[PDB]
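In: Output the structure for:
(2 chains, ligands or ions: 7)
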Amino acid sequence: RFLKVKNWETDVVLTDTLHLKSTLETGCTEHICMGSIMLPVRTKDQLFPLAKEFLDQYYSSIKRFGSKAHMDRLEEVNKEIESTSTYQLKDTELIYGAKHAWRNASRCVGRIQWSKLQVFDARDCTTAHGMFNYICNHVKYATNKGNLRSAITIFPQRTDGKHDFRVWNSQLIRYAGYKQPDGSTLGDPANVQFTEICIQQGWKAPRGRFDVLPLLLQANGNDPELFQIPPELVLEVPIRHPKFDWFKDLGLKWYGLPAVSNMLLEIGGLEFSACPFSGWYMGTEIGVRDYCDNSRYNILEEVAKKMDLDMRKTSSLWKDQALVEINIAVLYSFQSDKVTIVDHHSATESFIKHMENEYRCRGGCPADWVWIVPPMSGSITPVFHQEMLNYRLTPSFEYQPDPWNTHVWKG
Amino acid sequence: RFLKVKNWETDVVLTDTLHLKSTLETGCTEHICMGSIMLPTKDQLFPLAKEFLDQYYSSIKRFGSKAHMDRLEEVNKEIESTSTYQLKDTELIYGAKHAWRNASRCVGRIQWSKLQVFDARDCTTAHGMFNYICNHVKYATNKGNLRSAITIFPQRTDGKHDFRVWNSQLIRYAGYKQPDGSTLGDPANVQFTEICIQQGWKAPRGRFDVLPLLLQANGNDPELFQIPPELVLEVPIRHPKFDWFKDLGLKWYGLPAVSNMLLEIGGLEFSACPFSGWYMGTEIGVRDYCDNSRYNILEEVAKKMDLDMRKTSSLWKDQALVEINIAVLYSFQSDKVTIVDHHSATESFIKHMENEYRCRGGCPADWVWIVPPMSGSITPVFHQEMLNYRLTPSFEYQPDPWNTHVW
Ligand code: HEM
Ligand code: HEM
Ligand SMILES: c1cncc(CCCNCCc2ccnc(-n3ccnc3)n2)c1
Ligand SMILES: c1cncc(CCCNCCc2ccnc(-n3ccnc3)n2)c1
Ligand SMILES: C[C@H](O)[C@H](O)[C@H]1CNc2nc(N)[nH]c(=O)c2N1
Ligand SMILES: C[C@H](O)[C@H](O)[C@H]1CNc2nc(N)[nH]c(=O)c2N1
Ligand SMILES: [Zn+2]
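Out: Residues are numbered from 1 along each chain as shown, chains lettered A, B, ... in the order given. Ligands and ions are numbered 1, 2, ... in the order given. Shown next is the protein structure:
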């Protein structure tokens, strides 16, 4: 079966054969589409086919499919599975695996960079302090004084599901959120529940608007422990505007390193529940969602007042007007401080090219339109006009429950 | 099987049961989602009629009544006899209002029950069609106080006698390809503008020429008619800040009227069913004006605002886009022509969703189309999970007439 997708701005039509290799399910059926839905222990029984499928891919990519090296490896893994009920990836397979999980992440607009990924192997890690050290080295490496480099650190895989390694933070670097008695919120409202856990676990919160959260790290299924990332490793950027000099007085800043720490990496049926990764920001992640979402810092009003916009009628488009200036401020500040950042035009144009390339060389590129299209100025970026097919390939990054809902506390 | 939708801005959860009535197919599978793809006999007929009549009678609280049973019989008899059947006016109105109600891509459905339905099933000729459309235009425009309407021409018989309006909208500007290589007017209409000429139109080769109507009746060859100018309400576009804006020469029309869709009610097919509402500002300002394959005016407006167009990172496209849309809304409001902004419209849709979940058990919605083409995440619908599925009665796409017409 072949499937065609069309760009309605250019008439470019592409054909997808890659989707045939999709094993996992979408959430959709023939009768219902769940394309806008946010969220729609393993036996030796099912593991070897998963291993084999992965190893077949890997050996295909290195042009050694069917080789003695390939056959010996399948044999080796098989034996290790029945002998030990799991198996260990080689370094080469781990690296390939991580790169491909990124490559397959249909919700990531940054995938043109997929092949340049620094993979840190932390599978020898045994304790939380061990985890802290690895994470520090990641932040410092990835930050690179503002010249950001993509990186992932991979802690040991799941065994019985009772010995999981987990980073409890959703991102390595994030600001604290504090619910006040008057019901208002100080800092980032998205982080209120997690900030509370930290305080309870002993964190002394400065109780400000931009407090870098501590790391809460769980190793080997034990209770998580707290660590403060050395401030000198946390690159931040004060936000100012190129024309509005009152903008700096809003007291806004953000961190330079966007690093996701709550996902699960699946490779060959192995489950890596602690696999923090980082790239660099598309400006709208900060300027639109982080600053302007009603349920985040929500600075649209304050910025609008200061701009002297007509805020009496929505049809003045005061919100839209302020939104643009804020996103200009973000891009300006980051570029001025020589911290890597990409605007949503540059990023989406690059993704289209990436995508077209992926159709030629690979037969497809799974992509989630709902997430690929930027949260402002959608139709004046080329991805809006691009039909996309969403499906799930492995290796992949998956969601997993927040560990505070699942953890069995030792005490 | 009982699905939940979450709003991630408000944490509100609604439960969807209505999807368990969906009959038609989505294009998606369990292996692959096609949510962003634009276009994914007597024995056939009676169950279709039955499903419809059942819901119609259920809606009027006479489910399983004698009237219900009788009608069911009567229609069954007619189909068995004539191979087709005819709707009672009451059914027709219901069907059309419900086609709208079920239109998953339409943000304006809170209005769904206030739809003027014009029964034009007695129409026989293209002139007759022209008369009905002018009447529709005048009624719906209403000197700028727009009112929703649909006019419904006779249903398909044997597909040889289809009524079709060839235009995609009752009111659109012409598009001409130049020796220059560039395009004058509306590029989306370049081809249609051609078939107008090839069939007889005397194009004034302007930038904003209201296209003629190309009406096909009873499967016959289609004919041209010029809508009376005084019935086409237009709005000159000015900005409440930039005096230079007027000098761009921009205007748009007030009446947004889709004419190329197929209305399906109880198995019957209405291939000519033009309908109209009123514009959401972004349809004109973002899409019509700023799409590359449309009027593509961003570069010009940017130059006029004197922005640094050297780097994409200055967000000059974004800055211009907002101003343009401010202008669009300003102009319509100034001339008292109904228009709604993306904020109010989406706010209203969220409300309509809450009502539809509460009074009907769901509301099919296509997030890809409901979220506006600008400022997406600062409208509430961005943060709203939506389930998409096809209920009937429905509006469906259908092939462009020139690719099907037996000349
Ligand atoms: C290098 C620059 C990168 C850019 C500009 C970029 C861009 C983005 C953006 C804008 C999102 C949407 C985030 C959201 O709205 O929640 C995203 C999501 C995602 N990215 Fe990237 N990305 C980059 C690097 C990476 C890397 C290095 C990885 C993994 C190795 C990755 C994997 C993912 C995944 C798995 C998601 C989905 C996360 C979720 O579902 O919550 N990206 N990316
Ligand atoms: C009265 C106020 C109305 C508003 C504000 C409104 C809004 C919209 C918008 C913004 C779209 C997207 C169109 C596009 O991007 O191409 C749309 C599409 C649509 N609307 Fe409405 N609409 C209104 C009235 C109506 C009426 C009266 C009907 C039918 C009786 C209707 C049925 C539809 C359908 C079927 C579509 C999808 C058209 C397509 O797929 O090309 N709408 N509407
Ligand atoms: C559900 C509901 N409401 C909100 C959410 C947030 C999803 C988080 N997506 C990841 C966002 C993020 C942050 C930092 N970096 C990156 N990142 C890094 C590389 N690629 C993406 N992504 C989920
Ligand atoms: C599929 C594939 N390639 C291109 C298209 C264009 C879709 C046009 N949709 C209708 C746009 C429109 C115009 C005027 N009025 C209205 N309208 C009126 C009431 N509701 C919507 N919609 C569809
Ligand atoms: C309900 C809807 O799917 C949800 O708000 C999505 C929409 N698109 C998104 N797109 C990105 N990039 N990130 C997001 O968090 C979301 N949220
Ligand atoms: C490929 C994609 O489906 C296409 O660009 C869609 C996106 N969303 C849309 N949304 C609306 N309201 N109207 C459109 O024409 C489109 N086009
Ligand atoms: Zn789908």
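
In: Quick one: neighbours of the closest residue to ligand 1 within the stretch 151-300 of chain A, just the number.
Out: Nearest residue of the stretch 151-300 of chain A to ligand 1, counting by CB to the nearest ligand atom: residue A:279, 2.5 Å away. All C-beta atoms are positioned from the backbone trio N, CA, C, and that covers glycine. For residue A:279, the neighbour count with other CB atoms under 10 Å in any protein chain shown is 24.

In: Leaving out sequence neighbours, find the closest residue to the residue nearest the centre of chain A.
Out: Nearest residue to the geometric centre of chain A (CA atoms, centre = their mean): residue A:260, 4.4 Å. Closest residue to residue A:260 apart from its sequence neighbours, by CB to CB, 6 or more residues apart in numbering or on different chains: residue A:277 at 5.7 Å.

In: was I right about the one you found contacting residue A:151?
Out: Yes: using CB atoms under 8 Å, residue A:277 makes contact with residue A:151 at a distance of 6.9 Å.

In: ok, those two, which is more surrounded?
Out: Comparing residue A:277 with residue A:151 by neighbour count (other CB under 10 Å), the higher total belongs to residue A:277, at 26 against 23.

In: For the more buried one, give me the backbone phi and psi.
Out: phi -130, psi 160 (degrees, to the nearest 10).

In: could you list every residue that touches it?
Out: With contact taken as CB atoms under 8 Å, 6 or more residues apart in numbering or on different chains, residue A:277 is in contact with A:102, A:150, A:151, A:152, A:153, A:259, A:260, A:263, A:397.

In: shouldn't the third one be in contact with residue A:116?
Out: It stands for residue A:151. No: at 10.1 Å, residue A:151 does not count as touching residue A:116 under the criterion of CB under 8 Å.

In: How is chain A divided into domains?
Out: A:16-123+A:150-160+A:264-278+A:348-372, A:124-149+A:164-235+A:399-403, A:236-258+A:281-346 (curated CATH domains).

In: For ligand 3, tell me whether the longest one is touching it.
Out: Going back to what we said before, that points to domain A:16-123+A:150-160+A:264-278+A:348-372. Yes: using CB under 6 Å from any ligand atom, domain A:16-123+A:150-160+A:264-278+A:348-372 reaches ligand 3 at A:38, A:108, A:110, A:278.

In: Relative to residue A:318, how far out is the residue at the greatest distance from the centre of chain A?
Out: Taking CA atoms, centre = their mean, the residue of chain A most remote from its mean C-alpha position is residue A:312, at 38.1 Å. Here residue A:312 is placed at a distance of 9 Å from residue A:318 (CB to CB, to the nearest Å).

In: try residue A:25
Out: For residue A:25, the distance to residue A:318 (CB to CB) stands at 43 Å.

In: Have a look at those two and say which one is more surrounded.
Out: residue A:318 (24 against 14).

In: contacting residues for that one?
Out: A:304, A:307, A:309, A:310, A:311.

In: returning to what we had before: can you redo the contacts of residue A:277 as TSV with distance to ligand 5 and secondary structure?
Out: What follows is these, written out as TSV (distance: CB to the nearest ligand atom, whole Å; DSSP: H, G, I helix; E, B strand; the rest coil):
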residue	distance to ligand 5	secondary structure
A:102	16	helix
A:150	18	coil
A:151	21	strand
A:152	20	strand
A:153	23	strand
A:259	16	strand
A:260	12	strand
A:263	14	coil
A:397	14	strand
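
In: List just the nearest of those to residue A:16.
Out: Set against residue A:16, the nearest of the contacts of residue A:277 by CB to CB is residue A:102 (19.4 Å).

In: what about the helices in the stretch 301-411 of chain A?
Out: A:318-336, A:344-362, A:369-372, A:403-406 (DSSP state H, counting those that start in this stretch).
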